[PDB]
>>> print(open('entry-v5.cif').read())   # mmCIF, C-alpha atoms and all ligand atoms
data_start
loop_
_atom_site.label_atom_id
_atom_site.label_comp_id
_atom_site.auth_asym_id
_atom_site.auth_seq_id
_atom_site.Cartn_x
_atom_site.Cartn_y
_atom_site.Cartn_z
CA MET A 1 0.00 0.00 0.00
CA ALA A 2 1.15 3.50 -0.91
CA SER A 3 2.66 5.37 1.98
CA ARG A 4 0.96 8.78 1.44
CA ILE A 5 -2.51 10.18 0.75
CA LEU A 6 -3.17 13.27 -1.36
CA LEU A 7 -4.72 16.20 0.51
CA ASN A 8 -7.00 18.88 -0.93
CA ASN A 9 -4.14 21.40 -0.62
CA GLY A 10 -2.13 19.39 -3.18
CA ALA A 11 0.38 17.99 -0.65
CA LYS A 12 0.87 14.33 0.29
CA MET A 13 0.47 13.14 3.88
CA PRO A 14 1.99 9.91 5.27
CA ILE A 15 -0.82 7.56 6.26
CA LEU A 16 1.09 6.31 9.32
CA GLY A 17 2.30 8.76 11.96
CA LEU A 18 3.60 8.67 15.52
CA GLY A 19 1.33 9.94 18.28
CA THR A 20 2.82 11.89 21.17
CA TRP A 21 0.05 12.46 23.73
CA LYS A 22 1.21 11.09 27.12
CA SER A 23 4.75 10.44 25.82
CA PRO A 24 6.80 11.56 28.82
CA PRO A 25 9.11 14.50 28.13
CA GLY A 26 12.14 12.46 29.21
CA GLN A 27 11.30 9.69 26.74
CA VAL A 28 9.72 11.39 23.73
CA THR A 29 12.96 12.68 22.22
CA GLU A 30 14.30 9.14 21.93
CA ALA A 31 10.89 7.86 20.77
CA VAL A 32 10.80 10.32 17.89
CA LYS A 33 14.45 9.66 17.00
CA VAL A 34 13.79 5.91 16.85
CA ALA A 35 10.59 6.48 14.88
CA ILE A 36 12.40 8.52 12.24
CA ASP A 37 15.22 5.94 12.09
CA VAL A 38 12.72 3.11 11.44
CA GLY A 39 10.76 4.98 8.76
CA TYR A 40 8.17 7.29 10.32
CA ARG A 41 7.81 10.55 8.45
CA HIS A 42 4.71 11.97 10.21
CA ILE A 43 4.58 13.08 13.86
CA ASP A 44 1.31 14.14 15.54
CA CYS A 45 1.86 16.86 18.15
CA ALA A 46 -0.04 19.43 20.19
CA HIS A 47 0.79 22.35 22.46
CA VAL A 48 -1.53 20.93 25.14
CA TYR A 49 0.57 17.73 25.29
CA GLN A 50 3.33 19.81 26.97
CA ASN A 51 6.15 17.97 25.17
CA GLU A 52 6.63 19.81 21.87
CA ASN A 53 10.04 21.16 22.92
CA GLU A 54 11.30 17.59 23.39
CA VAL A 55 9.67 16.36 20.17
CA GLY A 56 11.43 19.24 18.45
CA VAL A 57 14.83 18.25 19.82
CA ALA A 58 14.44 14.89 18.06
CA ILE A 59 13.26 16.37 14.76
CA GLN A 60 16.09 18.89 14.74
CA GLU A 61 18.73 16.27 15.52
CA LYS A 62 17.55 13.99 12.70
CA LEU A 63 17.48 16.94 10.28
CA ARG A 64 20.98 17.97 11.42
CA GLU A 65 22.22 14.35 11.08
CA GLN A 66 20.70 14.31 7.54
CA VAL A 67 18.75 11.16 8.35
CA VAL A 68 15.83 12.94 6.67
CA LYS A 69 15.18 16.20 4.84
CA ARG A 70 12.56 18.66 6.09
CA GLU A 71 10.50 18.22 2.92
CA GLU A 72 10.23 14.49 3.72
CA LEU A 73 8.71 15.11 7.15
CA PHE A 74 5.03 15.82 7.81
CA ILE A 75 4.67 17.56 11.17
CA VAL A 76 1.20 18.17 12.60
CA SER A 77 0.18 20.29 15.58
CA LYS A 78 -3.02 21.72 16.98
CA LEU A 79 -4.38 25.04 18.27
CA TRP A 80 -5.51 24.61 21.87
CA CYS A 81 -8.98 25.66 23.06
CA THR A 82 -7.78 28.72 25.04
CA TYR A 83 -6.39 30.29 21.83
CA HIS A 84 -9.48 30.43 19.58
CA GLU A 85 -9.43 34.28 19.62
CA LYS A 86 -8.32 36.07 16.42
CA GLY A 87 -5.51 37.88 18.23
CA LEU A 88 -4.08 34.73 19.85
CA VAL A 89 -3.96 32.22 16.96
CA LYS A 90 -0.73 33.41 15.33
CA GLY A 91 1.18 33.50 18.62
CA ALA A 92 -0.05 30.03 19.55
CA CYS A 93 1.13 28.69 16.21
CA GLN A 94 4.47 30.47 16.55
CA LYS A 95 5.04 29.04 20.04
CA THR A 96 4.49 25.56 18.60
CA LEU A 97 6.84 26.35 15.69
CA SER A 98 9.53 27.63 18.04
CA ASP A 99 9.20 24.58 20.32
CA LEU A 100 9.27 22.13 17.41
CA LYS A 101 12.17 24.18 15.97
CA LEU A 102 10.45 24.45 12.62
CA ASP A 103 9.73 27.34 10.24
CA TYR A 104 6.45 25.81 9.08
CA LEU A 105 3.99 23.08 10.01
CA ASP A 106 2.70 20.67 7.39
CA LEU A 107 -0.73 20.68 9.04
CA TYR A 108 -2.27 22.75 11.84
CA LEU A 109 -5.60 21.68 13.32
CA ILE A 110 -8.24 23.33 15.45
CA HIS A 111 -7.80 20.81 18.28
CA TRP A 112 -11.43 20.87 19.51
CA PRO A 113 -14.42 22.93 18.32
CA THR A 114 -14.88 24.25 21.87
CA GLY A 115 -13.20 27.58 22.63
CA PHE A 116 -12.33 28.34 26.27
CA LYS A 117 -11.50 31.57 28.09
CA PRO A 118 -7.86 32.58 27.41
CA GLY A 119 -5.37 32.48 30.24
CA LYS A 120 -2.67 30.30 31.74
CA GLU A 121 -5.02 27.38 32.52
CA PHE A 122 -5.73 24.97 29.67
CA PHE A 123 -9.15 24.18 31.24
CA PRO A 124 -10.45 27.35 32.95
CA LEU A 125 -13.27 26.29 35.27
CA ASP A 126 -16.10 27.95 37.12
CA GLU A 127 -16.59 27.02 40.79
CA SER A 128 -18.80 24.05 39.82
CA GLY A 129 -16.26 22.59 37.42
CA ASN A 130 -17.80 23.60 34.10
CA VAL A 131 -15.33 24.85 31.54
CA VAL A 132 -15.55 28.60 30.98
CA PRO A 133 -16.30 29.16 27.26
CA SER A 134 -14.97 31.73 24.86
CA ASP A 135 -17.52 33.58 22.72
CA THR A 136 -15.38 33.37 19.56
CA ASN A 137 -17.20 31.22 17.07
CA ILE A 138 -15.64 28.04 14.74
CA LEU A 139 -15.95 30.36 11.71
CA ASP A 140 -13.88 33.26 13.05
CA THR A 141 -11.31 30.79 14.36
CA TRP A 142 -11.23 29.23 10.88
CA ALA A 143 -10.54 32.63 9.29
CA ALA A 144 -7.59 33.01 11.66
CA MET A 145 -6.32 29.58 10.57
CA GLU A 146 -6.59 30.63 6.92
CA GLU A 147 -4.34 33.62 7.68
CA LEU A 148 -1.61 31.23 8.86
CA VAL A 149 -1.56 29.62 5.40
CA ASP A 150 -1.31 33.06 3.81
CA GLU A 151 1.60 34.00 6.11
CA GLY A 152 3.59 30.85 5.34
CA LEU A 153 3.45 29.43 8.87
CA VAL A 154 1.51 26.30 7.87
CA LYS A 155 1.08 24.39 4.60
CA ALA A 156 -2.37 22.99 5.44
CA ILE A 157 -5.11 23.63 7.97
CA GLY A 158 -7.75 21.31 9.36
CA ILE A 159 -10.01 20.42 12.25
CA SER A 160 -10.28 17.79 14.96
CA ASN A 161 -13.23 16.40 16.91
CA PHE A 162 -15.69 18.24 14.66
CA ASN A 163 -19.06 16.56 14.18
CA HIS A 164 -20.65 16.54 10.77
CA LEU A 165 -22.73 19.67 11.37
CA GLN A 166 -19.59 21.49 12.52
CA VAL A 167 -17.68 20.33 9.44
CA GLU A 168 -20.62 21.50 7.34
CA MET A 169 -20.57 24.88 9.09
CA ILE A 170 -16.95 25.35 7.96
CA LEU A 171 -17.69 24.14 4.42
CA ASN A 172 -20.63 26.57 4.22
CA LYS A 173 -18.68 29.50 5.73
CA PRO A 174 -19.34 32.74 3.82
CA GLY A 175 -16.17 33.66 2.01
CA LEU A 176 -14.42 30.36 2.78
CA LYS A 177 -10.87 30.58 1.43
CA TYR A 178 -9.39 27.16 2.25
CA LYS A 179 -11.34 24.00 2.94
CA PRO A 180 -10.17 21.91 5.89
CA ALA A 181 -7.68 19.33 4.65
CA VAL A 182 -8.19 16.87 7.52
CA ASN A 183 -10.62 16.04 10.31
CA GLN A 184 -8.79 14.12 13.05
CA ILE A 185 -11.25 12.02 15.09
CA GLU A 186 -11.27 9.07 17.45
CA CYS A 187 -11.68 5.87 15.46
CA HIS A 188 -11.15 2.18 16.21
CA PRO A 189 -13.24 -1.04 16.13
CA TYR A 190 -15.32 0.05 19.13
CA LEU A 191 -16.06 3.52 17.60
CA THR A 192 -16.08 2.91 13.87
CA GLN A 193 -17.43 6.32 12.79
CA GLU A 194 -18.99 5.19 9.48
CA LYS A 195 -21.35 8.15 9.16
CA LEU A 196 -18.83 10.90 9.91
CA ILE A 197 -16.11 9.26 7.82
CA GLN A 198 -18.36 8.93 4.78
CA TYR A 199 -19.40 12.57 5.07
CA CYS A 200 -15.84 13.88 5.33
CA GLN A 201 -14.52 11.66 2.55
CA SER A 202 -17.39 12.70 0.28
CA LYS A 203 -16.20 16.31 0.68
CA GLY A 204 -12.54 15.51 -0.01
CA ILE A 205 -11.50 15.88 3.64
CA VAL A 206 -9.00 13.24 4.77
CA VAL A 207 -9.80 11.61 8.10
CA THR A 208 -7.09 10.81 10.63
CA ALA A 209 -7.93 8.12 13.21
CA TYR A 210 -6.67 8.83 16.70
CA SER A 211 -6.52 6.40 19.63
CA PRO A 212 -6.46 3.47 17.16
CA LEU A 213 -5.39 1.06 19.91
CA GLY A 214 -8.05 2.34 22.30
CA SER A 215 -5.64 4.53 24.28
CA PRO A 216 -4.90 1.97 27.03
CA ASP A 217 -2.77 4.61 28.82
CA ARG A 218 -5.50 7.27 28.90
CA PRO A 219 -5.50 8.75 32.42
CA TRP A 220 -9.22 8.11 33.00
CA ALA A 221 -9.18 4.40 32.10
CA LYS A 222 -11.25 2.13 34.32
CA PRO A 223 -10.89 -1.63 34.91
CA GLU A 224 -14.47 -2.08 33.66
CA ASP A 225 -13.50 -0.78 30.22
CA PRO A 226 -13.30 -2.74 26.95
CA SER A 227 -9.80 -3.45 25.67
CA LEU A 228 -9.07 -3.68 21.94
CA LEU A 229 -5.61 -5.11 22.40
CA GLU A 230 -7.02 -7.92 24.56
CA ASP A 231 -10.16 -8.64 22.51
CA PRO A 232 -9.88 -12.34 21.57
CA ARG A 233 -11.75 -11.75 18.32
CA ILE A 234 -9.14 -9.24 17.17
CA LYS A 235 -6.31 -11.42 18.45
CA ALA A 236 -7.72 -14.22 16.27
CA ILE A 237 -7.59 -12.07 13.12
CA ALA A 238 -4.02 -11.10 14.02
CA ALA A 239 -3.01 -14.73 14.55
CA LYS A 240 -4.46 -15.73 11.18
CA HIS A 241 -2.29 -13.09 9.49
CA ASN A 242 0.80 -13.82 11.63
CA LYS A 243 0.73 -10.22 12.91
CA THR A 244 0.24 -8.60 16.30
CA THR A 245 -3.11 -7.27 17.46
CA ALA A 246 -1.69 -3.74 17.30
CA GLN A 247 -0.61 -4.30 13.69
CA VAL A 248 -4.18 -5.33 12.80
CA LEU A 249 -5.56 -2.28 14.63
CA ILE A 250 -3.22 -0.01 12.63
CA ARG A 251 -3.81 -1.67 9.24
CA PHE A 252 -7.62 -1.49 9.73
CA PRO A 253 -7.94 2.33 9.36
CA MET A 254 -5.33 2.35 6.60
CA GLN A 255 -7.61 0.17 4.46
CA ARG A 256 -10.50 2.61 5.07
CA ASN A 257 -8.38 5.35 3.41
CA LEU A 258 -7.68 6.90 6.80
CA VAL A 259 -4.45 8.23 8.25
CA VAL A 260 -3.58 6.61 11.60
CA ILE A 261 -1.37 7.84 14.45
CA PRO A 262 -0.58 5.14 17.06
CA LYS A 263 1.39 6.37 20.07
CA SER A 264 4.30 4.55 21.65
CA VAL A 265 7.44 5.40 23.58
CA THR A 266 8.63 1.76 23.49
CA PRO A 267 11.31 1.35 20.78
CA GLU A 268 10.32 -2.21 19.89
CA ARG A 269 6.65 -1.23 19.53
CA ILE A 270 7.50 1.89 17.51
CA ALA A 271 9.16 -0.49 15.04
CA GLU A 272 6.35 -3.07 15.26
CA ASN A 273 3.70 -0.42 14.60
CA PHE A 274 5.40 0.57 11.34
CA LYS A 275 5.54 -2.97 9.86
CA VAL A 276 2.02 -2.78 8.46
CA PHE A 277 2.55 -2.14 4.75
CA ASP A 278 3.18 -5.81 3.82
CA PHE A 279 -0.10 -7.58 4.62
CA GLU A 280 -3.76 -7.09 3.73
CA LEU A 281 -6.95 -7.59 5.72
CA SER A 282 -9.67 -9.18 3.61
CA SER A 283 -13.00 -7.48 3.00
CA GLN A 284 -14.49 -10.04 5.41
CA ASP A 285 -11.85 -9.13 8.02
CA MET A 286 -12.70 -5.44 7.54
CA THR A 287 -16.45 -5.97 7.88
CA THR A 288 -15.86 -8.21 10.90
CA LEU A 289 -13.76 -5.52 12.59
CA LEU A 290 -16.43 -2.91 11.78
CA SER A 291 -19.00 -5.17 13.43
CA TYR A 292 -17.35 -4.61 16.82
CA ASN A 293 -18.61 -1.03 17.01
CA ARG A 294 -20.12 -0.17 20.40
CA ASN A 295 -20.01 3.67 20.16
CA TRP A 296 -17.50 3.37 23.00
CA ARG A 297 -15.91 6.80 23.09
CA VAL A 298 -12.87 7.28 25.32
CA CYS A 299 -11.96 10.93 24.59
CA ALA A 300 -14.68 13.31 25.87
CA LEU A 301 -14.98 15.39 29.06
CA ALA A 302 -17.83 15.94 31.48
CA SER A 303 -16.57 19.49 32.11
CA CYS A 304 -17.39 20.36 28.47
CA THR A 305 -20.82 18.79 27.99
CA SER A 306 -22.70 22.11 28.29
CA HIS A 307 -20.37 24.09 26.02
CA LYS A 308 -22.40 25.29 23.06
CA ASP A 309 -19.93 23.64 20.66
CA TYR A 310 -19.55 20.34 22.53
CA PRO A 311 -19.28 17.93 19.59
CA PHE A 312 -20.75 14.65 20.88
CA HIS A 313 -24.43 15.38 21.55
CA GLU A 314 -25.08 15.01 17.83
CA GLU A 315 -25.25 11.44 16.61
CA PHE A 316 -22.32 12.18 14.32
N1 LIG B 401 -7.04 15.21 18.24
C1 LIG B 401 -7.33 14.73 19.45
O1 LIG B 401 -8.20 15.21 20.18
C2 LIG B 401 -6.56 13.54 19.94
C3 LIG B 401 -7.05 12.78 20.99
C4 LIG B 401 -6.41 11.61 21.36
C5 LIG B 401 -5.27 11.22 20.69
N2 LIG B 401 -4.78 12.00 19.70
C6 LIG B 401 -3.48 11.62 19.01
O2 LIG B 401 -3.54 10.25 18.68
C7 LIG B 401 -2.41 9.57 19.27
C8 LIG B 401 -2.74 8.13 19.52
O3 LIG B 401 -3.82 8.00 20.47
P1 LIG B 401 -3.57 7.65 22.01
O4 LIG B 401 -2.26 8.16 22.47
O5 LIG B 401 -4.79 8.12 22.70
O6 LIG B 401 -3.58 6.06 22.10
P2 LIG B 401 -3.22 4.77 21.20
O7 LIG B 401 -2.24 5.15 20.15
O8 LIG B 401 -4.51 4.16 20.83
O9 LIG B 401 -2.59 3.83 22.32
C9 LIG B 401 -1.34 4.19 22.96
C10 LIG B 401 -1.06 3.13 23.98
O10 LIG B 401 -0.85 1.86 23.31
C11 LIG B 401 0.38 1.30 23.71
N3 LIG B 401 0.94 0.58 22.57
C12 LIG B 401 1.47 1.14 21.44
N4 LIG B 401 1.86 0.26 20.55
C13 LIG B 401 1.59 -0.95 21.14
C14 LIG B 401 1.82 -2.27 20.73
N5 LIG B 401 2.40 -2.59 19.56
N6 LIG B 401 1.47 -3.26 21.58
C15 LIG B 401 0.91 -2.94 22.75
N7 LIG B 401 0.65 -1.73 23.25
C16 LIG B 401 1.02 -0.77 22.39
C17 LIG B 401 1.23 2.47 24.18
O11 LIG B 401 2.21 2.02 25.13
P3 LIG B 401 3.73 2.55 25.18
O12 LIG B 401 3.74 3.99 24.74
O13 LIG B 401 4.07 2.32 26.62
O14 LIG B 401 4.51 1.63 24.25
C18 LIG B 401 0.17 3.36 24.84
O15 LIG B 401 -0.13 2.92 26.16
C19 LIG B 401 -2.11 10.43 20.48
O16 LIG B 401 -0.85 10.16 21.06
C20 LIG B 401 -2.23 11.82 19.89
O17 LIG B 401 -1.08 12.08 19.10
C21 LIG B 401 -5.39 13.13 19.31
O1 LIG B 402 -7.32 16.19 23.39
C1 LIG B 402 -6.38 15.35 23.09
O2 LIG B 402 -5.68 15.41 22.07
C2 LIG B 402 -6.06 14.28 24.10
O3 LIG B 402 -6.63 14.51 25.37
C3 LIG B 402 -6.05 15.49 26.14
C4 LIG B 402 -4.70 15.77 26.09
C5 LIG B 402 -4.20 16.68 26.99
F1 LIG B 402 -2.87 16.95 26.96
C6 LIG B 402 -4.98 17.31 27.93
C7 LIG B 402 -6.33 17.03 27.94
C8 LIG B 402 -6.90 16.13 27.04
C9 LIG B 402 -8.38 15.96 27.07
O4 LIG B 402 -9.01 15.92 28.13
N1 LIG B 402 -8.98 15.88 25.89
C10 LIG B 402 -10.42 15.73 25.78
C11 LIG B 402 -11.17 17.01 25.50
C12 LIG B 402 -10.53 18.25 25.36
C13 LIG B 402 -11.26 19.39 25.06
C14 LIG B 402 -12.63 19.33 24.90
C15 LIG B 402 -13.24 18.11 25.07
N2 LIG B 402 -14.68 18.00 24.89
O5 LIG B 402 -15.23 16.97 25.23
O6 LIG B 402 -15.28 18.98 24.45
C16 LIG B 402 -12.55 16.96 25.37
#
>>> encode(input="entry-v5.cif", output="structure tokens", more="lines below")
Ligand SMILES: NC(=O)c1ccc[n+]([C@@H]2O[C@H](COP(=O)([O-])OP(=O)(O)OC[C@H]3O[C@@H](n4cnc5c(N)ncnc54)[C@H](OP(=O)(O)O)[C@@H]3O)[C@@H](O)[C@H]2O)c1
Ligand SMILES: O=C(O)COc1cc(F)ccc1C(=O)NCc1cccc([N+](=O)[O-])c1
Amino acid sequence: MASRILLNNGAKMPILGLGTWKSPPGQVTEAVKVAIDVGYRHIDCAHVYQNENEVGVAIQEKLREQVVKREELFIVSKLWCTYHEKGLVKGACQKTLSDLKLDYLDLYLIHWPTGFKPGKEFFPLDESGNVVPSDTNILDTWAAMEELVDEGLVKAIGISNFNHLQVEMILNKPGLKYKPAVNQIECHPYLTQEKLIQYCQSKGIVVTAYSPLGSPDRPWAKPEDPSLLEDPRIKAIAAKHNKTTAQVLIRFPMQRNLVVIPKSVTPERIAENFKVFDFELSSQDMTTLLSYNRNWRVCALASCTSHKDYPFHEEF
């Protein structure tokens, strides 16, 4: 399978990238170095992950070593919720650029559709624990993202955790200058996302699947929770193909024409997760994996459920 997918900005995006949420700052530099050494050319980052400086050290060292050229890398970051204001977007992007030690991003995403009050706190709360919203709407934030393209800071812009009505709002924006290139959403066999994926793909928006392994290290995991990596039905498909369960879980979105961004800081697993271009799941395997959908969503916060732009009240 081809390694890259064509975006609606004319650039090609590697379909496999390395995730970095929860990668400890003292480990992520070596994780990214190993990833680049073993073939990764796409790194998924965010300011809110608090480790972009350390990701950047790795990128810069591999560029300096001439292991890769900058044009061969595809670096993604995301605008955090406390920066949706017009006057804050450029500085937020520049802080990410300076931390990653880059002079442009390949892709910059609105991280969540929900804007929060600016300030030092990433989740400003009222005394009852509700997030304090911003009044800047997804369309004005989008216009600020478009400016970043026109200033040369980013090659492509997109969105993340937008439901189909929110995607449609962007696509219907009066005076829209650049369509979103990507919508990055949670997607795995327990949250298969058929409706939202079909909508985005029909509009030429590439979908990136996050938490493809079910985020077993998410901080709010409970013992009662389903586990993709331990699901015997998925293990059986992996055994048939002489692959690991993780390799099946990564190949699955690839065959749906999605980009996928598994996270690891374990060198062996970073290598394992990349060895997914040499086997094929059958149509029957794909439909079987899709059948495991339980609308089991791991990434969504109680503190945000009354925000006007909370994305997950809508069916999709
Ligand atoms: N846009 C958004 O709102 C959003 C939200 C969530 C995630 N994301 C992005 O998507 C990335 C991936 O999602 P995620 O971090 O939630 O979780 P994930 O990639 O589904 O799972 C990561 C977990 O799986 C483990 N793992 C990795 N490879 C494995 C393998 N071969 N065998 C067994 N265990 C393995 C990792 O352990 P070790 O690291 O210990 O090896 C880690 O505990 C994030 O890091 C972030 O970049 C974006
Ligand atoms: O948002 C991600 O990329 C991963 O999850 C996080 C990463 C962080 F470093 C810090 C927090 C989160 C987190 O709680 N992310 C979840 C989240 C964020 C914003 C809005 C909502 N919402 O439901 O509207 C949910």
>>> residues_near_point(input="entry-v5.cif", point="(-16.4, 20.9, 7.5)", cutoff="9 Å", atoms="only C-alpha atoms", output="ChimeraX atom specification")
/A:158-159,162-172,179-180,183,200,203,205
>>> write_last_selection(input="entry-v5.cif", atoms="C-alpha atoms", output="CSV table (one decimal), keeping the file's coordinate frame")
chain,number,residue,atom,x,y,z
A,158,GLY,CA,-7.8,21.3,9.4
A,159,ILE,CA,-10.0,20.4,12.2
A,162,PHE,CA,-15.7,18.2,14.7
A,163,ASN,CA,-19.1,16.6,14.2
A,164,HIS,CA,-20.6,16.5,10.8
A,165,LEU,CA,-22.7,19.7,11.4
A,166,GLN,CA,-19.6,21.5,12.5
A,167,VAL,CA,-17.7,20.3,9.4
A,168,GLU,CA,-20.6,21.5,7.3
A,169,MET,CA,-20.6,24.9,9.1
A,170,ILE,CA,-17.0,25.4,8.0
A,171,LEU,CA,-17.7,24.1,4.4
A,172,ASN,CA,-20.6,26.6,4.2
A,179,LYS,CA,-11.3,24.0,2.9
A,180,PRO,CA,-10.2,21.9,5.9
A,183,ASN,CA,-10.6,16.0,10.3
A,200,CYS,CA,-15.8,13.9,5.3
A,203,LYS,CA,-16.2,16.3,0.7
A,205,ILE,CA,-11.5,15.9,3.6
>>> residues_around(input="entry-v5.cif", residues="residue 105 of chain A", least_positions_apart="3", cutoff="10 Å", atoms="all atoms listed in the file", output="ChimeraX atom specification")
/A:73-78,93-94,96-97,100,102,108,148-149,152-157
>>> atom_distance(input="entry-v5.cif", atom1="atom CA of residue 284 of chain A", atom2="atom CA of residue 201 of chain A")
21.9 Å
>>> residues_near_ligand(input="entry-v5.cif", ligand="ligand LIG 401 (chain B)", cutoff="7 Å", atoms="all atoms listed in the file", output="NGL selection string")
:A and (18-23 or 44-45 or 111-112 or 160-161 or 184-186 or 210-218 or 229 or 246-247 or 261-266 or 269-270 or 272-273 or 299)
>>> residues_near_ligand(input="entry-v5.cif", ligand="ligand LIG 402 (chain B)", cutoff="8 Å", atoms="only C-alpha atoms and all ligand atoms", output="PyMOL selection string")
chain A and resi 21-22+46-50+81+111-114+122+299-305+307+309-312
>>> residues_around(input="entry-v5.cif", residues="residue 59 of chain A", least_positions_apart="3", cutoff="12 Å", atoms="all atoms listed in the file", output="VMD selection string")
chain A and resid 28 to 37 40 to 43 45 52 to 56 62 to 70 72 to 75 97 99 to 102
>>> write_last_selection(input="entry-v5.cif", atoms="C-alpha atoms", output="PDB file, keeping the file's coordinate frame")
ATOM      1  CA  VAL A  28       9.720  11.390  23.730  1.00  0.00           C
ATOM      2  CA  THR A  29      12.960  12.680  22.220  1.00  0.00           C
ATOM      3  CA  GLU A  30      14.300   9.140  21.930  1.00  0.00           C
ATOM      4  CA  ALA A  31      10.890   7.860  20.770  1.00  0.00           C
ATOM      5  CA  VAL A  32      10.800  10.320  17.890  1.00  0.00           C
ATOM      6  CA  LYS A  33      14.450   9.660  17.000  1.00  0.00           C
ATOM      7  CA  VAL A  34      13.790   5.910  16.850  1.00  0.00           C
ATOM      8  CA  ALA A  35      10.590   6.480  14.880  1.00  0.00           C
ATOM      9  CA  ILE A  36      12.400   8.520  12.240  1.00  0.00           C
ATOM     10  CA  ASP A  37      15.220   5.940  12.090  1.00  0.00           C
ATOM     11  CA  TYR A  40       8.170   7.290  10.320  1.00  0.00           C
ATOM     12  CA  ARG A  41       7.810  10.550   8.450  1.00  0.00           C
ATOM     13  CA  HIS A  42       4.710  11.970  10.210  1.00  0.00           C
ATOM     14  CA  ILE A  43       4.580  13.080  13.860  1.00  0.00           C
ATOM     15  CA  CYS A  45       1.860  16.860  18.150  1.00  0.00           C
ATOM     16  CA  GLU A  52       6.630  19.810  21.870  1.00  0.00           C
ATOM     17  CA  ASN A  53      10.040  21.160  22.920  1.00  0.00           C
ATOM     18  CA  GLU A  54      11.300  17.590  23.390  1.00  0.00           C
ATOM     19  CA  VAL A  55       9.670  16.360  20.170  1.00  0.00           C
ATOM     20  CA  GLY A  56      11.430  19.240  18.450  1.00  0.00           C
ATOM     21  CA  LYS A  62      17.550  13.990  12.700  1.00  0.00           C
ATOM     22  CA  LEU A  63      17.480  16.940  10.280  1.00  0.00           C
ATOM     23  CA  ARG A  64      20.980  17.970  11.420  1.00  0.00           C
ATOM     24  CA  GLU A  65      22.220  14.350  11.080  1.00  0.00           C
ATOM     25  CA  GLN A  66      20.700  14.310   7.540  1.00  0.00           C
ATOM     26  CA  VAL A  67      18.750  11.160   8.350  1.00  0.00           C
ATOM     27  CA  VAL A  68      15.830  12.940   6.670  1.00  0.00           C
ATOM     28  CA  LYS A  69      15.180  16.200   4.840  1.00  0.00           C
ATOM     29  CA  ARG A  70      12.560  18.660   6.090  1.00  0.00           C
ATOM     30  CA  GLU A  72      10.230  14.490   3.720  1.00  0.00           C
ATOM     31  CA  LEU A  73       8.710  15.110   7.150  1.00  0.00           C
ATOM     32  CA  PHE A  74       5.030  15.820   7.810  1.00  0.00           C
ATOM     33  CA  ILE A  75       4.670  17.560  11.170  1.00  0.00           C
ATOM     34  CA  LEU A  97       6.840  26.350  15.690  1.00  0.00           C
ATOM     35  CA  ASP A  99       9.200  24.580  20.320  1.00  0.00           C
ATOM     36  CA  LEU A 100       9.270  22.130  17.410  1.00  0.00           C
ATOM     37  CA  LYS A 101      12.170  24.180  15.970  1.00  0.00           C
ATOM     38  CA  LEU A 102      10.450  24.450  12.620  1.00  0.00           C
TER      39      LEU A 102
END
>>> closest_residue(input="entry-v5.cif", among="A:88, A:135, A:243, A:39", to="residue 271 of chain A", atoms="all atoms listed in the file")
A:39
>>> closest_residue(input="entry-v5.cif", among="A:289, A:145, A:278, A:296", to="residue 231 of chain A", atoms="all atoms listed in the file")
A:289
>>> build_atoms(input="entry-v5.cif", residues="segment 70-79 of chain A", atoms="N, CA and C atoms", output="mmCIF file, in the frame of the given file")
data_model
loop_
_atom_site.group_PDB
_atom_site.id
_atom_site.type_symbol
_atom_site.label_atom_id
_atom_site.label_comp_id
_atom_site.auth_asym_id
_atom_site.auth_seq_id
_atom_site.Cartn_x
_atom_site.Cartn_y
_atom_site.Cartn_z
ATOM 1 N N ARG A 70 13.793 18.065 5.572
ATOM 2 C CA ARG A 70 12.560 18.660 6.090
ATOM 3 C C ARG A 70 11.380 18.389 5.173
ATOM 4 N N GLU A 71 11.595 18.438 3.855
ATOM 5 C CA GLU A 71 10.500 18.220 2.920
ATOM 6 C C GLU A 71 9.920 16.814 3.015
ATOM 7 N N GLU A 72 10.679 15.860 3.554
ATOM 8 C CA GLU A 72 10.230 14.490 3.720
ATOM 9 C C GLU A 72 9.431 14.279 4.996
ATOM 10 N N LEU A 73 9.461 15.226 5.920
ATOM 11 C CA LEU A 73 8.710 15.110 7.150
ATOM 12 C C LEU A 73 7.355 15.794 7.006
ATOM 13 N N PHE A 74 6.390 15.292 7.777
ATOM 14 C CA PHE A 74 5.030 15.820 7.810
ATOM 15 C C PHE A 74 4.690 16.020 9.285
ATOM 16 N N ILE A 75 4.836 17.257 9.757
ATOM 17 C CA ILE A 75 4.670 17.560 11.170
ATOM 18 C C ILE A 75 3.340 18.263 11.379
ATOM 19 N N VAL A 76 2.545 17.713 12.299
ATOM 20 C CA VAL A 76 1.200 18.170 12.600
ATOM 21 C C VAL A 76 1.165 18.712 14.023
ATOM 22 N N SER A 77 0.524 19.860 14.223
ATOM 23 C CA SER A 77 0.180 20.290 15.580
ATOM 24 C C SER A 77 -1.225 20.869 15.570
ATOM 25 N N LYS A 78 -1.630 21.377 16.733
ATOM 26 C CA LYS A 78 -3.020 21.720 16.980
ATOM 27 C C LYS A 78 -3.099 22.946 17.881
ATOM 28 N N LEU A 79 -4.044 23.822 17.539
ATOM 29 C CA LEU A 79 -4.380 25.040 18.270
ATOM 30 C C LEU A 79 -5.237 24.680 19.476
#
